[PDB]
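A quick note on method: Cβ atoms are made from the backbone with ideal geometry, for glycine too, and the neighbour counts reach across all protein chains shown. Each value in this text was obtained by applying a stated rule to the coordinates, not by laboratory testing.
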Ligand SMILES: C=CC1=C(C)[C@@H](Cc2[nH]c(/C=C3N=C(/C=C4/NC(=O)[C@H](C)[C@H]4CC)C(C)=C\3CCC(=O)O)c(CCC(=O)O)c2C)NC1=O
Ligand SMILES: C=CC1=C(C)[C@@H](Cc2[nH]c(/C=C3N=C(/C=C4\NC(=O)[C@H](C)[C@H]4CC)C(C)=C\3CCC(=O)O)c(CCC(=O)O)c2C)NC1=O
Ligand SMILES: C=CC1=C(C)[C@@H](Cc2[nH]c(/C=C3N=C(/C=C4\NC(=O)[C@H](C)[C@H]4CC)C(C)=C\3CCC(=O)O)c(CCC(=O)O)c2C)NC1=O
Ligand SMILES: C=CC1=C(C)[C@@H](Cc2[nH]c(/C=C3N=C(/C=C4\NC(=O)[C@H](C)[C@H]4CC)C(C)=C\3CCC(=O)O)c(CCC(=O)O)c2C)NC1=O
Ligand SMILES: CCC1=C(C)[C@@H](CC2=N/C(=C\c3[nH]c(C[C@@H]4NC(=O)C(C)=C4CC)c(C)c3CCC(=O)O)C(CCC(=O)O)=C2C)NC1=O
């Protein structure tokens with residue numbers, strides 16, 4: 001049906017080594033690793049048929065592909081530079097005839113300074129009584145600020161019931177102070193509900209992804225790791 | 001058997017890859033000096049009769065125990081067989097020099113020779129002595145340094161082919 | 001591997017003779033022709049993907065019936081295997097040009113082709129139409145020189161005649 | 001090796017136009033791609049010198065003329081995305097992509113009710129407005145975020161406007177732009 005690869009996200013610092021692994025479940029035999037840069041331009045980085053490299057687009061020797069099985073294709077990157085920050089895409093298709101089936105893709109972020117990451121602050125407002133009494137509709141708003149990077153997925157769970165209708169997350173952020181080093185990026189989300197649901201007596205969960213156990217976090221600042229903070233709102 | 005060209009192909013088959021530019025350039029050097037290779041080989045063949053009698057008589061003189069009663073070159077039947085098979089070894093060396101690969105020497109003459117020489121009681125110490133004389137004679141003929149026999153040939157170097165002949169005769173001595 | 005060198009060595013070996021002038025005359029012929037053949041092998045090596053991929057398309061254009069269910073090439077896995085065989089044949093033709101004879105063709109693709117294709121129900125005219133189209137594009141001197149085209153077309157006519 | 005003109009084309013529903021992707025060398029086949037808001041590419045077309053229809057679109061390819069065309073008709077809201085044309089031109093080995101085209105569709109409002117209410121901030125919804133007005137430096141305005149009630153089939157474009165300075169209120173959020181005269185005061 002589709003191609004799935006792990007890990008979903010990975011952020012590291014300068015000098016670290018990264019490796020994304022892709023696996024595909026179809027009867028395909030040729031995989032590609034597309035390196036789409038910050039300009040959303042897709043340029044082929046590696047292609048592997050079975051066990052033999054078939055495409056080398058003047059790739060520097062630092063990038064080294066390691067393939068074990070025809071369903072596996074890894075990439076080990078040494079001497080990683082900040083300028084190599086890009087989104088990496090895994091593809092699979094038959095070598096001669098057939099269309100290419102793509103996967104979700106992985107985003108890689110390299111930090112100039114590792115001390116520029118801070119925990120987010122989340123605040124949820126209450127529906128206005130005048131708005132609900134005038135327009136017969138209530139809309140909830142959740143806001144997250146002071147977070148990094150953009151590795152968030154917002155879901156709303158209404159009393160333990162999974163819902164896939166009425167969710168809207170901003171595609172792109174807005175820069176506040178251009179040329180002022182690395183400006184803060186934030187995105188807002190909105191929740192439109194029915195009058196009956198709000199009238200008859202719900203949690204904005206902001207997923208966070210950062211460093212892993214393979215990186216040394218020995219700094220004085222508290223580690224902004226995932227924890228359980230629960231808020232309620234009607 | 002396999003020649004110089006066919007050895008390149010067999011190697012490229014094991015990886016299921018076309019003959020690359022790097023391997024093709026190696027063949028082009030083989031072809032460019034192909035006149036030298038025939039020029040070498042003709043020198044060996046033209047003196048094949050005297051090379052063998054150099055070896056067999058030379059091996060006997062340093063080891064007189066071969067022609068003593070009970071030796072393995074005592075009668076005329078054994079002496080004739082020593083000359084016959086010693087010439088066969090030289091014949092297959094010229095095939096290897098002509099073809100440019102030692103596969104023909106290993107497959108058709110050197111395969112199973114050691115186990116046969118044990119059955120007949122042929123000494124291995126004396127056999128390798130006779131072969132090592134043949135290598136010294138062929139190399140001296142190849143480089144055109146024979147004391148009493150000169151052949152007119154355009155000036156040049158043949159260290160590449162003399163090293164080729166020396167290694168082929170070393171394969172025979174190492175097998176048995 | 002039949003070639004110029006092995007044919008004469010095998011002929012001399014059977015008679016128990018040293019390589020004479022007749023045998024050294026045959027190898028001299030290889031030196032003259034090796035210039036032309038090794039240009040054709042270089043051209044094919046750097047463009048095998050384009051030749052093979054267009055050759056397979058001409059086969060399926062001439063015989064659309066291979067697409068029907070119950071025939072060879074009735075699914076996408078089968079159709080890929082059809083192109084893979086043409087690559088194998090175009091690979092051995094590259095071997096034939098380098099070796100200089102019909103050696104690699106005879107002992108690796110032609111020897112048991114009659115029994116294998118009959119057992120697997122692969123029509124022989126599908127492979128013939130693949131090589132006829134390739135032999136028709138071949139033009140001089142844009143693709144290769146005058147002598148290289150003769151050497152390349154010679155190997156292709158050998159393959160077709162075995163499938164005829 | 002692909003030239004695309006114009007870069008972007010925003011068409012109203014019912015207006016007729018076409019999308020073109022041009023190539024310099026012979027191409028066996030072209031793959032058309034759709035990029036969603038998450039950024040994932042979903043395969044749209046896959047044809048080799050032929051015509052394929054899917055919904056309200058149609059594509060074509062002429063090998064002798066080295067071009068491909070794409071036609072759109074009666075654009076729907078769900079068809080928002082980024083258009084990408086990829087060709088297997090060159091040595092018939094690698095896929096080359098174009099620049100891309102972005103298209104967005106706005107909904108029809110049956111009854112506009114422009115009004116702004118003030119919501120108390122513990123420790124401002126500009127909805128029901130006209131889509132003919134565009135927004136741009138120092139103003140913190142986010143992009144229009146689309147909502148759709150699939151039960152009642154009610155669509156609306158709504159936006160949020162906030163700031164850090166306490167001297168600014170939600171009443172004059174659309175101050176730098178040209179606000180319509182339809183503004184209602186309490
Ligand atoms: C060096 C020797 C060598 C070859 C020459 C080929 C020979 C060959 N090809 C196929 C593989 C195949 N070849 C085809 C393709 C085709 N479908 C069509 O439309 C056509 C009629 C036909 C080619 C024109 C099909 C259908 C198969 C699958 C099994 C079969 O042969 O029926 C198979 C079966 C399994 C396999 O893939 O190995 C074999 C033995 N392969 C080799 O390794
Ligand atoms: C496959 C390769 C190949 C060979 C090399 C020969 C191998 C070979 N040589 C001999 C034959 C022989 N081999 C030798 C030769 C020697 N004994 C000595 O004392 C020397 C050290 C040594 C020099 C080489 C002798 C003397 C005989 C006869 C006696 C015997 O068979 O042991 C025989 C037995 C037949 C006969 O007696 O004529 C055979 C099979 N034939 C081949 O086609
Ligand atoms: C039909 C069979 C056949 C042969 C027998 C040779 C004959 C031959 N020999 C050389 C000539 C040559 N071959 C040699 C080799 C040698 N130089 C030395 O120092 C050694 C004494 C000698 C090897 C024994 C060299 C160095 C040349 C000079 C040019 C060259 O490299 O070919 C040449 C090229 C120039 C010329 O005509 O003289 C030819 C055709 N080749 C053939 O086509
Ligand atoms: C291994 C050997 C071997 C080859 C490498 C091919 C050579 C070959 N010829 C064409 C095919 C072509 N060659 C020409 C030109 C011509 N117009 C014609 O009708 C004539 C054939 C020719 C007269 C000069 C053009 C224009 C194409 C089509 C592809 C292109 O646009 O270049 C192609 C397709 C793509 C390309 O041009 O590279 C190939 C691979 N033939 C072989 O057998
Ligand atoms: C009495 C029993 C008897 C012999 C026979 C010799 C055997 C002999 N002569 C040699 C050496 C030898 N012999 C020849 C052949 C010969 N020389 C020529 O130069 C020309 C033109 C020849 C034609 C007949 C060559 C070509 C060599 C190599 C070196 C050389 O050029 O002399 C070698 C090789 C060296 C080695 O392997 O150790 C030995 C031992 N000695 C013996 O005990």
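Odds and ends about this structure:
- For chain C, the longest principal axis of the Cα atoms and the long axis of helix C:146-163 meet at an angle of about 60 degrees.
- Radius of gyration and maximum dimension Dmax of region A:26-71, Cα, Å: 11.6, 33
- Taken along its three principal axes, the alpha carbon spread of region B:44-108 comes to 42, 24, 19 Å, from the longest extent down to the shortest.
- For residues of D:140-150, the mean tally of beta carbons on other chains within 10 Å: 4
- On Cα atoms only, tilt of C:76-99 relative to the major axis of chain C in degrees: 10 degrees
- Peptide ranges A:3-12, C:31-40 listed from the most packed, as the mean C-beta count within 10 angstrom indicates: C:31-40, A:3-12
- Shape metrics for region A:1-128, restricted to C-alpha atoms - Rg then Dmax, Å: 17.3, 63
- Mean sequence separation of contacting Cα pairs (under 8 Å, at least six apart), scaled by the length of chain B, corresponds to a relative contact order of 28 percent.
- Averaging Cα coordinates gives a centre for region B:117-176 and one for region C:37-54; these two points are 43 Å apart.
- For region D:97-186: Kirkwood Rh in Å [reciprocal of mean 1/r, alpha carbons]: 15.4 Å
- Descending semi-axes in Å of chain B, equivalent ellipsoid built from Cα gyration tensor: 33, 22, 10
- The convex hull around the C-alpha trace of region B:70-129, projected and averaged over every direction, spans 4.4 square nanometres.
- Packing-based ranking, highest mean first, of D:16-24, B:84-92 given that Cβ atoms within 10 Å are counted: B:84-92, D:16-24
- With 5 Å bins from 0: P(r) over region C:32-164, alpha-carbon pairs, percent: 2, 10, 20, 24, 20, 12, 7, 4, 1, 0, 0
- In summary, the convex hull built on the alpha carbon positions of region D:58-97 has an orientation-averaged projected area of 3.7 nm².
- Taking only alpha carbon atoms, the protein assembly as shown gives an Rg to Rh ratio of 1.17, where Rh is the Kirkwood radius.
- Between helix C:48-62 and chain C: long-axis angle, C-alpha atoms, 0 to 90°, nearest 10: 50 degrees
- Three semi-axes of the equivalent ellipsoid, region A:48-100, Cα gyration tensor, whole Å, largest first: 23, 13, 11
- Residues of region D:172-186 with amide N under 12 Å of the 7 Å Cα→Cβ point at residue D:118: D:172, D:186
- Cα-derived Rg over Rh, computed across chain A with Rh taken as Kirkwood radius: 1.04
- Distances between every pair of Cα atoms in region A:132-195, grouped in 10 Å steps from 0 to the bin holding the largest one, split as 17, 40, 27, 13, 3 percent.
- Value of D in µm² per second that Stokes-Einstein yields for region A:63-181, Kirkwood Rh from Cα pairs, at 10 °C (1.306 mPa s): 80 µm²/s
- Per-residue average of Cβ from other chains inside 10 Å of B:12-20: 5
- Per residue of A:94-101, other chain Cβ atoms within 10 Å of the residue Cβ number 6 on average.
- Spin-label zone in region B:91-105 - amide nitrogen under 16 Å from a point set 7 Å from the Cα of residue B:30 along the C-beta vector: B:95-105
- Taking max minus min of the alpha-carbon positions on each principal axis, region A:73-119 gives extents of 49, 26, 16 Å, largest first.
- Separation of alpha-carbon centers, region C:100-140 and region A:178-205, rounded to whole Å: 67 Å
- Whole-number D in µm² s⁻¹ for region C:97-161, Kirkwood Cα-pair radius fed into Stokes-Einstein, 37 °C, 0.692 mPa s: 248 µm²/s
- Over chain D, equivalent-ellipsoid semi-axes from the Cα gyration tensor in Å: 43, 18, 14
- Radius of gyration (Cα atoms) of region C:20-71, expressed as a multiple of 2.2 N^0.38 Å: 2.05.
- Ellipticity estimate at 222 nm from DSSP helix runs (n ≥ 4, -39,500 (n - 2.57)) divided over the protein assembly as shown, nearest 500: -10500 deg cm²/dmol
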